[PDB]
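Chain residues, written in single-letter form:
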Amino acid sequence: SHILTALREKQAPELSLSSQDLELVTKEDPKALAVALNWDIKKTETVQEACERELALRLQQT
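Residues numbered from 1 in each chain as written, not as in the entry; some residues may be left out. Heavy atoms only, no water.

The record lists solution NMR as the method behind this PDB entry.

Here it is in structure tokens:
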């Protein structure tokens with residue numbers, strides 16, 4: 001719930017997440033993220049879409 005509460009609200013799967021967190025989140029397909037982020041898909045996917053853009057941005061930073 002601690003992860004879901006922040007997910008449904010302000011969980012950062014961009015830079016706030018770690019290696020496995022961003023990974024497991026990267027697998028948080030629209031179907032799961034949807035519920036855990038019970039919002040509009042376009043809206044929940046966007047939060048996830050930003051999360052990925054950061055994943056590689058932070059990965060290429062090194």
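**Observations regarding the packing of helix α2 (residues 19-26) against helix α4 (residues 41-60)**
Viewed as axis vectors pointing N to C, α2 and α4 meet at an angle of 140°, and their least axial separation amounts to 10 Å. Comparing their axes, α4 and α2 come out oblique. Between α2 and α4 lies a crossing of left-handed hand. Facing α2, whose interface residues are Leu22, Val25 and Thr26, α4 presents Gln48, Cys51 and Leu55. (Axes fitted to C-alpha atoms, helices over the stretch in contact; angles between N-to-C directions. Helix = DSSP H or I, 4+ residues; strand = E, 2+ residues; numbered from the N terminus. Parallel < 35°, antiparallel > 145°, perpendicular 65-115°, else oblique. Left-handed = near helix turned anticlockwise from the far one by under 90°. Contact = heavy atoms within 4.5 Å.)

**Here we look at the pattern of salt bridges**
Taken as a whole, this structure holds one salt bridge when the rule is applied. Linking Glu49 and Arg53 is a salt bridge whose minimum nitrogen-to-oxygen distance equals 3.7 Å. A residue pair is termed a helical-turn pair when its members lie 3 or 4 positions apart in one helix, as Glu49 and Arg53 do in helix α4 at four residues. A residue is classified by how much of its surface remains accessible, and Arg53, at 61% relative accessible area, is exposed. (Salt bridge = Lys/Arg side-chain N within 4 Å of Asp/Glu carboxyl O. Buried < 20%, exposed > 50% of the residue type's maximum accessible area, 1.4 Å probe, protein only.)

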